[PDB]
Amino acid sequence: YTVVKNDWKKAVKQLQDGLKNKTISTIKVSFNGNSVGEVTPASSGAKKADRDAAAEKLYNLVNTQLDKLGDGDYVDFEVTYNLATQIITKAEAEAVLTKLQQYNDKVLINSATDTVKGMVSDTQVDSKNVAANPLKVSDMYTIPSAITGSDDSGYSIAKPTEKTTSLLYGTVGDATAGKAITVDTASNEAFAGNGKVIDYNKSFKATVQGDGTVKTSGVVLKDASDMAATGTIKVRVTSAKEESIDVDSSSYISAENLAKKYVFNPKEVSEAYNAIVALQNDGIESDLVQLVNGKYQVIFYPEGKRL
């Protein structure tokens, strides 16, 4: 992962957010490859104040160096991360609960009919299955009304409380009694971030089983990302050495090396050459040949990299 100078603030912001949410355990900072400090929340980021202090320590360390970066200088961030230790804030947990509460009245199973299975009373009429009211999410689950946790350890939504129903699953007209409907205890879990999001396709869902009974899910999680859960990665902020090619200094990229790097517009370069020559020998001024701070200069926009 490498980024140019103009976008350093949003790169550092990403690293600060990872320190705050416990996904980043340590950052090693280096200027031009020379180690310049390490940023590590004390006590494995147990307290919010220590994680915020780490994010501030990182910004103070780098913001001036990145703001005046040039000359080909660069800044490296060697970042050890763990996506699974992610914690979420009170506001983030509140937003997930708000969405989760919209599933409270949704229907899991419709009333049965003569030709489509569904909700059937446990008491029969004529020894025959009669339909019952639809089975709603709230009939099987009690979604929590509040979030739990702390600023230090993060916030979470408790697992929705499981319930039972005596209503059954069958068809109207059937002398055979309806089948049982039961929560799936392996498909109901709490949400605390931890690199997961709520899987809304699989959550709050009835699944007809091979033996004719029905299982229901509560909250089911999935990964928020495809990227690997753990690792150590190095984010680099670069500056362009060819931004200011000073022909009189001890370090400048040569014309040949510049031409290996970039393809140039032949008209743009030919016209710059002619203006330099005409100014040097004939005294003709040109806007292509700046004289500023004791140095003659010209400006080029490459057509692109050479590939």
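The first residue of the shown sequence is 1; numbering continues from there.
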> Do the CA atoms of 247 to 255 or those of 234 to 242 have the higher mean B-factor in the entry?
Replying inline: 247 to 255
>> Mean CA temperature factor from the deposited coordinates, higher in 218 to 226 or in 75 to 83?
In response: 218 to 226
> Which of these, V130, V197, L167, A190, has its C-alpha atom at the highest B-factor, as the entry lists it?
Replying inline: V130
>> Maximum C-alpha temperature factor per the entry, among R51, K57, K28, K267, belongs to which one?
In response: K267
> According to the PDB entry, is the CA B factor of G294 in the bottom, middle or top third of its chain, that is, lowest, middle or highest?
Replying inline: highest
> Which third of the chain holds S286 when residues are ordered by C-alpha B factor: lowest, middle or highest?
Replying inline: highest
> Ranked by Cα temperature factor within the chain, is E162 in the lowest third, the middle third or the highest third?
Replying inline: lowest
> Comparing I181 with the other modelled residues of its chain, is its CA B-factor in the lowest, middle or highest third?
Replying inline: lowest
>> Looking at the temperature factor on the CA atom of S203, which third of the chain's modelled residues does it land in?
In response: lowest
